Amino acid sequence: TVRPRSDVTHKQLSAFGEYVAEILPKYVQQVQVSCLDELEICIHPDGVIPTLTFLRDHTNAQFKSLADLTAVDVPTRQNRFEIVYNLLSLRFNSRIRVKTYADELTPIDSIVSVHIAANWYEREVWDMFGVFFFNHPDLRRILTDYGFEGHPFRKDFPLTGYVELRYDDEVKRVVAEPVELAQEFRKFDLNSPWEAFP
Amino acid sequence: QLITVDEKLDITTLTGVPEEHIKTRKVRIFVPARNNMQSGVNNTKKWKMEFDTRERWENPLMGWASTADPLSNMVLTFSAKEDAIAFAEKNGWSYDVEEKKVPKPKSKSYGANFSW
Amino acid sequence: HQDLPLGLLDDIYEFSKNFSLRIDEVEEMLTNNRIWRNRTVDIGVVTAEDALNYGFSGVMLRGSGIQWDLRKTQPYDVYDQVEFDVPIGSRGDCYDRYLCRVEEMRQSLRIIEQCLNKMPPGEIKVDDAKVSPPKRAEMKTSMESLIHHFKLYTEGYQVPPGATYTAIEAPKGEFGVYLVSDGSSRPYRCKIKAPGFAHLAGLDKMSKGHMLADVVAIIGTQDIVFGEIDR
Amino acid sequence: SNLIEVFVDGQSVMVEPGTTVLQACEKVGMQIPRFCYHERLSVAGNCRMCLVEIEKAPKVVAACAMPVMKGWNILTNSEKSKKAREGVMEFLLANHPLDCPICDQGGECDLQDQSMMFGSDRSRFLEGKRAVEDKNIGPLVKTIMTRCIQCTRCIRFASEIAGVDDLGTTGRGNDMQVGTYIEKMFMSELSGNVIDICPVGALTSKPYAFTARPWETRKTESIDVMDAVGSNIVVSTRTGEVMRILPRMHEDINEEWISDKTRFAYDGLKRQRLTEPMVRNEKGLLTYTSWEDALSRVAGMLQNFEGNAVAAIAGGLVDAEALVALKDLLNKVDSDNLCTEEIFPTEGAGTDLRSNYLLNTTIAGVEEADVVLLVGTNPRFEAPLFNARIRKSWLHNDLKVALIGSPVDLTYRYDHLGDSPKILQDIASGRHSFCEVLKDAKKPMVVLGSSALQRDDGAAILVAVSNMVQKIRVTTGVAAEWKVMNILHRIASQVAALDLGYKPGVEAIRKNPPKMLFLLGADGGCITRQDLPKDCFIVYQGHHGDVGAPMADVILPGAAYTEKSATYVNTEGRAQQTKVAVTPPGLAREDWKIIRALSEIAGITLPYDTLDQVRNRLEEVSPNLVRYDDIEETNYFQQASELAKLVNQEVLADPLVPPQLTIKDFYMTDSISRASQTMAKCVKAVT
Amino acid sequence: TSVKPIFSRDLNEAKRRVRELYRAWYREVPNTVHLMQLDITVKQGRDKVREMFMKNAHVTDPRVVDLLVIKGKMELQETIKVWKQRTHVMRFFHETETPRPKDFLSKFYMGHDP
Amino acid sequence: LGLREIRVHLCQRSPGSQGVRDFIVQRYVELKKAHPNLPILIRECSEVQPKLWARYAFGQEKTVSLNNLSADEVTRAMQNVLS
Amino acid sequence: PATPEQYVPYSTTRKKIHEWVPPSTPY
Amino acid sequence: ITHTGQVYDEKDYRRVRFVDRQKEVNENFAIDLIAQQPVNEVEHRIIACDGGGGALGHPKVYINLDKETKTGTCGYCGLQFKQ
Ligand code: SF4
Ligand code: SF4
Ligand code: FES
Ligand SMILES: [Zn+2]
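Procedures and definitions
Residues numbered from 1 in each chain as written, not as in the entry; some residues may be left out. Chains lettered and ligands numbered in written order. Part of a larger assembly, values for the part shown. Heavy atoms only, no water. Helix = DSSP H or I, 4+ residues; strand = E, 2+ residues; numbered from the N terminus. Buried < 20%, exposed > 50% of the residue type's maximum accessible area, 1.4 Å probe, protein only. Contact = heavy atoms within 4.5 Å. Areas by Shrake-Rupley, 256 points an atom, 1.4 Å probe, with all protein chains shown as cover. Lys, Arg positive; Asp, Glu negative; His and termini not counted. Charge placed at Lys NZ, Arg CZ, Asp CG, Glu CD. Near = heavy atom within 4 Å. Nonpolar A, V, L, I, M, F, W, Y, C, P; charged D, E, K, R; others polar. Arc of directions from axis to C-beta. Donors = N, O, S within 2.8 Å, 3.2 Å for Na, K, Ca; no water. Tetrahedral: all angles 85-135°; square planar, octahedral: opposite > 155°, others 65-115°. Buried area = accessible area lost by both parts, 1.4 Å probe. Salt bridge = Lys/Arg side-chain N within 4 Å of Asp/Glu carboxyl O. Polar contact = N/O pair within 3.5 Å; in protein donor to acceptor, adjacent residues only side chain to side chain. Core = buried A, V, L, I, M, F, W, Y, C linked by side-chain atoms within 4.5 Å. Domains from an automatic or database assignment. Pairing = 2+ DSSP bridges. Disulfide = S-S within 2.5 Å. UniProt positions renumbered as here; feature names shortened; annotations may be inferred. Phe/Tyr/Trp six-rings, centres within 6.5 Å; stacked < 30°, edge-to-face > 60°. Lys NZ or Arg CZ within 6 Å of the ring centre and 35° of its normal. Axes fitted to C-alpha atoms, helices over the stretch in contact; angles between N-to-C directions. Parallel < 35°, antiparallel > 145°, perpendicular 65-115°, else oblique. Left-handed = near helix turned anticlockwise from the far one by under 90°.

- Looking at the entry header, you'll see cryo-EM listed as the method and 3.3 Å as the resolution.

Here it is as C-alpha cells:
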C-alpha cells in the first residue's frame, strides 16, 4: 500500500529541473520535483513561448508533444487562472509540466506556433475560463452553446447555469428561460473537521 | 506598454452573470463557525464567501425542494479577508465582511479542581 | 470492486480461444478487397513530425511509424510483466492505421492469454480501510469497519493535497487525467485529456485535397467518439 | 516576560507558564486528538486518547493535564504517539455498539473521525460487547447510553456550567455507568447543551431524533431572539425548513452554549403560523384575501384617522428594521405614540441617554466584577446565559452575589438581602449589612431586571437603585470605566425599540384610546378590544396567531427571525444581524416591506425601498444599530442621576417578584414558544 | 496603477475599436433578419445592437473594453456566418420571458425574493 | 411646525465631537428639566461629524452639522430648535 | 424454480407546516 | 392512506393525479407485521441481533434485555426480546 517507486527518476528529473532553470533564468520562477516523481517548472507568463520552444527544440530536452493545456482557477490568488501545459518527450521517455499564472484581464501568449495541438486547447481555455491567448488563429468557443454568456468552469459560475431551454409552442422555437430547477441540488457539507497528521 | 488605470478591476461586464444576480445579491465573507456537535477546528480556518438565501419552495408533483436562485449552492473559499473583499469587488457583488472569532486563550490546570 | 465470479476466466478463455478466427474473417472481408484498399490507402497520410506536433499520441502516432505505446514506454499496473508487440506503421495512412488496429486486437489476445495463464491468488482491493471500503461481513461485525464504511461512503478518501497527470494507453490513444487535489474528499480540478480532442483538430490538415467521401474515412480512422472530445 | 519556551515538533513556540501540552500544540496549529477535554470544562484525563511524547522522555504524557515545562519538544506525529492512539482507539471502539446508522451523531462524531484519521484499519476484538440500560433523562435528551465512552464531560458540565449536580458516575470497572442513580429527569435550562458536548451520540436530542443527517444540513449563522442575551446560534436548514438550532461561539455573549428554549422552540416556529393576509369579513369571521385588498383595508382607515387616533403596540420579537418602518409611517401621519409592551420607567431621562437602559457592564464584565447585587430578577430563567456568566465568575473567580427579590433557585450561593424594594433604601442609607461588603468591593455591579420595572412603582425602583449606585460609586471609589449600574431585559425588541425612540409602556395609549392600532407582533394583553374605542379598528402585524390575531380586523402575516435579514440588539447594546435561513412561508412577507408597502398604498411612502436603505435609515435614528457586534461606552450616568434625584416616587412595600418563579414559568414565554409542541411536552413533564 | 494593455492603451484608442464594431453590427443586422428568416424588423434589431453596445457604456478600464470588443466580434463571426440558428439570435429578445416588474409594490406583491 | 424630538448624534472621542460632549455634561441635565417631555435621544456617532436631527409635525426633519462647533454654539443650536 | 393502474407520485411528508385556523365565531 | 398518512384532503387539487388512474399504496404496514411477531425469549442478560444473518442481515448489535420491564428492541429489526 506504498507505491513502488524509483528514486533514479526523482534525481534524474530534479537534475533536469536545475538544467532548465540554469538555461532559462529569466522566466522560470520556481522548479520543483514533486514526490509523485513528476517535474514542474513554473514560468512567468512572458516566458510561455520561450520556455516551451526551448523544450520543443533542444537536443538534451526534446518535448515534442503537448499532452494538454488546462487552467486551474484558484479564486483567492490575485492571478486566478493557473494555465498548466503538460508536455511529453518521446526521445527521453519523460514528461514535464510548465505552469504560468494569468488573471481575468491579462492575456498570455499562444503556443500554437510552438505546438499546433494547442490551437484547440487554447480555444477551450478561453471558452471555459475566459483567459485570452494573444495572436491565436481563430480563438472562439469550442465547447459552449453558440450564444452562451459567461465562462463555465470558473469557480464563480453556478453549477447549473442561469439559463435552460424548452420548446415554446406559442413561438415555435427552443426558447431560453431563467433556471428553475425542480430539486435544488442538495449541497452536502461533507468535509471532516479533524485534520490528518501530515 | 504599462498603461495605467485608476479603478477597481470591474470585470462585471466580462463575468456573464445576469444583472439581477449581480445587483440584488449580497455575498457574506466569513470564516465558517465550528459545528458545536464536534470539536474539530479544521473547518473554521479558511474564509468563505456565500450568497444570500432566496426562495426554497416545494415541487407540487413530488414534494421536493425547488429553487430559482442560480447562485444558491455557491460557497467560494478564500484564504484571507483581503482576498475575499477583492473577489467580491472584482465581480460587482455587495459584501458583509464578518471578523474572525478565534477562541481567546483560557488558562486550564488539572490541580485547580482539587483546591478547597 | 469485487472479485471475478467463479466461472469468468474459463469463459474468457473460450471467447479468446475462438475470437482470432473472427478477426481474419473480417480480415479476408476487408484487407485485400480492391474497394477497401482504394477507399483507405493513401488517404489522410500524416507525416511523423506533424503527428507529434499536432499531439496525435495514439495509433495515429504509431501508424506513421513513430515508436510509442505507453504500455511499453511508461508501463502501468502489471503490463511490465506481460509480453506484446506494438504494431507500428509505415505509411501513416488509413489502411496502415486500420492494419495496426487489427494487429492490436491480435496482440491484446496475446496479453489476455498471459493474464488468464498468470493471475495471482489474492484479494482484489487494497486492504487499507481508509481508502477502499470494508468488506460486507466486517462492517456488520466490527465497529472499526462500520465507522470506516460510514465515513468512506458519506464523506470520502480525503486524498492528500497535490496534483498529477497520469496517462494510460486507452484504446483511442493517451487518456490522461490531470487531477488537482486539495486535502478535501472531493477533487478541485480534473482535466480529462481526451485522445480525440487532438485527433479531430488534425482533421483539417489530414483531410486536405480530399473529396466529401474521404472526410467520412478521415473521421473513421481517428476513432473519435464525441464523449471524450466534448467532456 | 514570563513566557517559557517549548518546542512543537520544532516550531519552538513560547508560551505562558502553566499552559497544557495540548494548548502548546494549538498555538503552533497542531490538534491533539482529544475526548473528555473541552476548553470551558475542567481537565479530567479520563480518555487518555491525547497521549503525546515529549522528547527524550520515558513515557507518554496527557496533553490535557501536563503543564508544559522548559524546552520540552512535543513530538505529536511520532511513531510512538501514533501507537498511543492506534491502541486507545482500539479500546474505545471495542465496547462500542455498532449502530452508527442509528446514531444521529453520524457525521457529527468526534469518535469515528479520530478513528478514521488517527485510529486503526481493523479490529481485533473477537469477544462479546457490553450493553447498558436506556433510561429517561427527560423529554429533550435521548440517552441511548450504551454509546457512552465514559468521558465525564456530561458530569462536569452538569456540575460546572449548569449547577445541577444530578448526573454522576455509578459503579466501577467496565461497569461504570454515567447517569442519574435514581431516575430523576435532568430538568434545568442549559440542559440541551449536554447533547452538543457529548462527542458520542449516546445522549442526543429527542425532537431532532431522526429527521436529518448532518452533511445535508445547510448552516446559516444567525441570532437568538427568544431571550435578550442575543446568544449567537446556527440554524441548520434542510430543503427549506429549519431542522435544528445549535450554538455557535461568541466569546462575549453565549460562549458555545444556548438556552433550552431557543433550541427546542424551532418546532413552535412551524405551526399556528400566519401565512396569508385574512381580513374580517361577513359576520366578522376572518377571510383569507390578497395583499392588495388587505393592505387597502388598513390604508383607507389610516388616511381617514389623524394623529393620536393611530397607535402602535409593538412588542416581543419584532426587528429594528420594522420598528423604524412603523415609526416613520405613523409619524408621517401625526401620531407619534409608538409604544412597547414592556414598561421601562421613562419618568426621568428615560431613553434619552442610552446608558440608562442597557446592561452597562457587558455580559463579559460579569467575569471581572467583585460583587453583584441582583435586584428584581431570576436571572436564571430570564436570561439564562447571563446566569451562567455569574455562574462561572462565582466558581473560577470570586463574585459575591446578593439578591433583593424572592429567595429563588439561582444555581449559585447568593445572599438573600430580602424581599422588599424599600431595603434598597436601607443600603443607600448604609443601614443594611451588605453596605460595607460593597464598600469593600473595588469593582461592584448592580443589576435590575426589567421584570421589576414592570410593576407600578418601577419608576421609583429605578430611582432608588440609581441613588444607591451613585453612593456606591462614591464610596467604592470605583473607576470611571467600571459602570456599576446596568439593567437586563427579557424581550428581544426592547432595547432597539427604546433606542429607535419608541417610548416604553402602553400608558399613553391607555389615557387616549386610538381609533386604529397596528399591533406589530404584539401577543401581550396590554390593551384589548375591550379597552379600545367602539370602532376598535386594529390590524395584527406578526407571524403566529396567538392573542392579537383573533381580535384583529386585519391580518398582515410577517416573518420570524429565521426568515429575514433583520437586526436585533441585546441588553448590552450590541447590535446583531439575523440572516435568512429559510424563505418566509405562504404569502407571508418581511416585516419592513409590509409597512413600506402599506405606506405606498396609503401614499405617505417611506424613503427606503431596499434593506440596505432601511439600514441607512436606522443610522439616522440611532447610529449604533448600523454597527454590528460592537458595544459602545459613553456612560452618561452622572446626568442620569441628577434627573433621578428630581424624580420623587414611593416604592410600595409589596415584595418585588420575578414572574418566572420556577422553570415551568420559563419554558413557554412567547409566540414562537407558546406554540411549541416540544415546549408543551416539557411543560406537562414539569406538571 | 500600471497594467499591461490587452490591445489598446488608452480608452480613447480603444473606443476606435468599439465604433469599428458598432458599424459592423449595424451593417449586419439587415442581413441577419433576412438570412435567418427572423421576424423582427431591421429597425427593431438595430435598436437592440445599440442597446447592448450601450449597456456596456460605463466602463473606463480600457482592458475591459478591449475585451468586450473581442467577445463582441466573436459574436458577429457566428452571426455573420450562420453558425448561429434562429433560436440563438432570437434569444436576445426574451420573447417568452415575462419581464420582471421593478416597482417595490409590484414585487412585494409577488415573490418573497427581492 | 411642532418639534417632536431631537436626536443628538455625537461621536464619542474626537475633536469634532469635543464640546458637543460638553454640552451634555453642562446643559442636558437642565435642558431635559426645562422642556421635559421632549425626546432628546442622545445617541452615538461613528467616524462622522456630530449632527443634530429633529423631527417636526409631519415626517419633517432638519440637520445641522456641528463638527468642531464649540460648546456655547451647541447650546444655542439646541435652543434654536426648541425655539 | 389506457390502463388505470398507473403509478402516480405523492409528497409522502405529513405537510410540515400548520396555519392558524381563524376564530370560528366573531367578536 | 399510506402507512405514513399522505392521504389527500378532499379539496386538495392534488387529487386529479389519480383520476383515470389510482394510488400506489403498500398494504403491508411494517408497524403491524413486526407486532405480529413473538417476543424472542432469551436466557442471557445481553443478546445479539445480527438480523437473523451474518452479512445478509443488519449490523450486529448487542441488546440488554436486563429489565423484564422492557423488552429490548434492536434499533434495526424492531424485534422485542423478552429476557
Ligand atoms: S457514536 Fe454514534 S456515530 Fe459515532 S461511532 Fe458510536 S455509533 Fe457510530
Ligand atoms: S454521556 Fe456523552 S458525555 Fe457524558 S460521558 Fe457518556 S459520552 Fe462523555
Ligand atoms: S483528552 Fe487528554 S485526557 Fe482525554
Ligand atoms: Zn436486529
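Description of the overall build of chain D
Thinking step 1. Secondary structure assignment for chain D yields 23 helices and 28 strands.
Thinking step 2. C-alpha extents for chain D along the principal axes are approximately 85 × 60 × 50 Å.
Thinking step 3. For chain D, with 687 residues in total, the buried portion stands at 68%.
Thinking step 4. Looking at chain D alone, contacts between residues at least 24 apart form 69% of all its contacts between residues at least 6 apart.
Thinking step 5. Taken as a whole, chain D presents about 22300 Å² of accessible surface, with 50% of it coming from carbon and sulfur.
Thinking step 6. Separation between the mean location of the 76 positive side-chain charges and that of the 90 negative ones in chain D comes to 4 Å.

Here we look at the site of ligand 2
Thinking step 1. Contacts to ligand 2 come from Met145, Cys148, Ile149, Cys151, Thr152, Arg153, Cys154, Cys198 and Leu203 of chain D.
Thinking step 2. Taken together, the residues of the shell around ligand 2 sort by class into seven nonpolar, one polar and one charged.

A short note on helix 9 (residues 212-220) of chain C
Residues and elements named next belong to chain C.
Thinking step 1. Looking at helix 9, one finds that the buried residues are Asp214, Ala217 and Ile218. Each buried residue of helix 9 sits inside an arc of 105 degrees when the element is viewed along its axis, so together they form one side. Opposite its buried face, helix 9 presents the exposed residues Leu212 and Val216, each directed more than 90 degrees away.
Thinking step 2. Packing partners of the buried residues in helix 9 comprise helix 2 (34-40), helix 5 (94-117) and helix 8 (197-206).

Quick notes on the coordination of the zinc ion (ligand 4)
Residues and elements named next belong to chain H.
Thinking step 1. Looking at the zinc ion (ligand 4), the protein donor atoms are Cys49 (SG), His58 (NE2), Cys74 (SG) and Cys77 (SG), and they sit 1.9 to 2.3 Å from it.
Thinking step 2. If you look at the zinc ion (ligand 4), its four donor atoms make angles of 85 to 146 degrees with each other, and the shape they trace is irregular.
Thinking step 3. As a motif over one chain, the donors of the zinc ion (ligand 4) read C-x8-H-x15-C-x2-C. The same class applies to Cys49 as to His58, namely buried.

Quick look at the interface of chain G and chain H
Thinking step 1. Each partner contributes to the interface: chain G provides ten residues, whereas chain H provides twelve residues.
Thinking step 2. Buried area between chain G and chain H, both sides added, is near 980 Å², and the carbon and sulfur share of it is 48%.
Thinking step 3. Run the count over chain G and chain H and you get zero salt bridges.
Thinking step 4. Counting across the interface, chain G meets chain H through four residue pairs in polar contact.
Thinking step 5. Tallied by class, residues from the side of chain G that touches chain H come to five nonpolar, four polar and one charged.

Quick notes on the interface of chain C and chain A
Thinking step 1. Contacts between the two partners involve 37 residues from chain C and, on the opposite side, 40 residues from chain A.
Thinking step 2. For the pairing of chain C and chain A, the buried interface totals around 3300 Å² over both sides, and the portion due to carbon and sulfur atoms is 56%.
Thinking step 3. Between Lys64 of chain A and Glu49 of chain C there is a salt bridge, with its nearest N and O atoms 3.9 Å apart.
Thinking step 4. Inspection of the region where chain C meets chain A yields 14 residue pairs in polar contact.
Thinking step 5. Those elements that provide at least two residues to the side of chain C that touches chain A are helix 3 (48-53), strand 1 (162-169), strand 2 (174-181), strand 3 (189-193), helix 8 and helix 10 (226-230) of chain C.
Thinking step 6. Tallied by class, residues from the side of chain C that touches chain A come to 18 nonpolar, eight polar and eleven charged.

Some thoughts on the nonpolar core
Thinking step 1. With 109 residues, the main nonpolar core has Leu373, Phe386 and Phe518 of chain D as its most contacted residues.
Thinking step 2. Each of domain 3 (271-342 + 491-632) and domain 4 (343-490 + 633-666) of chain D contributes no fewer than three residues to this core.
Thinking step 3. In this structure, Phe518 of chain D is in contact with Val298, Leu302, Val310, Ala311, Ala312, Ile313, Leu326, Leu330, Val539 and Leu598 of chain D, ignoring residues within four places of it in sequence.
Thinking step 4. Ranked by size, the runner-up nonpolar core spans 84 residues in total, among them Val28 and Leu39 of chain A, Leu14 of chain B together with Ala201 of chain C.

Focus on the sheet that holds strand 5 (residues 61-62) of chain D
Residues and elements named next belong to chain D.
Thinking step 1. Sheet architecture is open: four strands sit in the order 2-6-4-5, paired in mixed fashion. Either end of the sheet is taken by a strand with one partner, and the two such strands are strand 2 (7-8) and strand 5.
Thinking step 2. Pairing geometry for strand 2 and strand 6 (residues 73-75), over two bridges, is parallel. Looking at strand 6, one finds that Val8 is bridged to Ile74.

Considerations on the domain arrangement of chain D
Residue and element names in this part refer to chain D.
Thinking step 1. Taken domain by domain, chain D holds domain 1 (1-212), domain 2 (213-270 + 667-687), domain 3 (271-342 + 491-632) and domain 4 (343-490 + 633-666).
Thinking step 2. Here domain 1 and domain 4 have C-alpha centroids that lie 40 Å from each other.
Thinking step 3. On the domain 4 side, the residues contacting the nine residues of domain 1 number eleven residues.
Thinking step 4. In total, domain 1 and domain 4 occlude about 810 Å² of area from one another, counting both sides; carbon and sulfur atoms represent 62% of this.
Thinking step 5. Of all residues in domain 1, the largest losses of buried area upon contact with domain 4 belong to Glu160, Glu189 and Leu190, amounting jointly to 54% of the total for that side.
Thinking step 6. The salt bridge partner of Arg380 is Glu189, with a shortest N-O separation of 2.8 Å.

With respect to the side chain of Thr377 of chain D
Residue and element names in this part refer to chain D.
Thinking step 1. Positionally, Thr377 belongs in the loop between strand 18 (371-375) and helix 10 (379-382).
Thinking step 2. At 2.7 Å, the side chain of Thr377 forms a polar contact with the side chain of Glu382.
Thinking step 3. If we skip the residues at most four places from it in the chain, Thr377 touches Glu382, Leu403, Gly449, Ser451, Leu488 and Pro658.

Points about the environment of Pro513 of chain D
All names here are of chain D.
Thinking step 1. Note on placement: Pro513 falls in the loop between helix 17 (507-511) and strand 24 (516-517).
Thinking step 2. A relative accessible area of 40% places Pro513 in the partly exposed class.
Thinking step 3. It is 7.1 Å that separates the C-alpha atoms of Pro513 and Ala309, two residues lying 204 residues apart in sequence.
Thinking step 4. Beyond its immediate chain neighbours, meaning those up to four positions away, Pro513 contacts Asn308 and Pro533.

Points about the state of the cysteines
Put plainly, two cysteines are in a disulfide when a covalent bond ties their sulfur atoms together.
Thinking step 1. Using the criterion set out here, one finds zero disulfides over all chains in the structure.
Thinking step 2. Unpaired in terms of disulfides, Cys536 of chain D finds its nearest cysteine sulfur in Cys526 of chain D, a separation of 15 Å.
Thinking step 3. A residue is classified by how much of its surface remains accessible, and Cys536 of chain D, at 4% relative accessible area, is buried.
Thinking step 4. No disulfide involves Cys11 of chain F; its nearest neighbouring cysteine sulfur is the one of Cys45 of chain F, lying 4.4 Å away.
Thinking step 5. Exposure remark for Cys11 of chain F: the relative accessible area of 7% places this residue in the buried category.

Focus: the UniProt feature "domain: 4Fe-4S Mo/W bis-MGD-type" in chain D
Thinking step 1. With numbering matched to this structure, UniProt assigns "domain: 4Fe-4S Mo/W bis-MGD-type" to residues 217-273 of chain D.
Thinking step 2. Its end C-alpha atoms 23 Å apart, residues 217-273 of chain D is made of 7% helix and 35% strand.

Focus: the packing of aromatic side chains
Thinking step 1. Counting across every chain of the model gives 36 aromatic pairs over all chains.
Thinking step 2. Aromatic pair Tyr54 of chain C and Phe56 of chain C: ring centres 6.0 Å apart, planes at 70 degrees, arrangement edge-to-face. Per residue, the accessibility class of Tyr54 of chain C equals that of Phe56 of chain C, and both read buried.
Thinking step 3. An aromatic cluster is built from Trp291, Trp592 and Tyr608 of chain D together with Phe104, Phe108 and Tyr109 of chain E, whose rings are joined through pairwise contacts.
Thinking step 4. Here the basic side chain of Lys72 of chain C rests over the ring of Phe84 of chain C, its NZ or CZ set 5.1 Å away from the ring centre.

Things to note about the packing of helix 20 (residues 638-646) of chain D against helix 1 (residues 20-34) of chain F
The relative placement of two packed helices is expressed as an angle between their axes plus a distance between the axes.
Thinking step 1. Viewed as axis vectors pointing N to C, helix 20 of chain D and helix 1 of chain F meet at an angle of 30 degrees, and their least axial separation amounts to 9 Å. The orientation of helix 20 of chain D with respect to helix 1 of chain F, classified from their angle, is roughly parallel. As for the relative orientation of helix 20 of chain D and helix 1 of chain F, their crossing is right-handed in sense. Residue-level inspection shows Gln638, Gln639, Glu642, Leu643 and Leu646 of chain D of helix 20 of chain D in contact with helix 1 of chain F, the latter providing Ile24, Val25, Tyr28, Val29, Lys32 and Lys33 of chain F.

Section: the arrangement of the chains
Thinking step 1. Here 15 pairs of chains make contact, and the pair sharing the most contacts is chains A and C.
Thinking step 2. One finds no contact between chain C and chain E; the C-alpha atoms of the two approach each other to within 18 Å at their closest.

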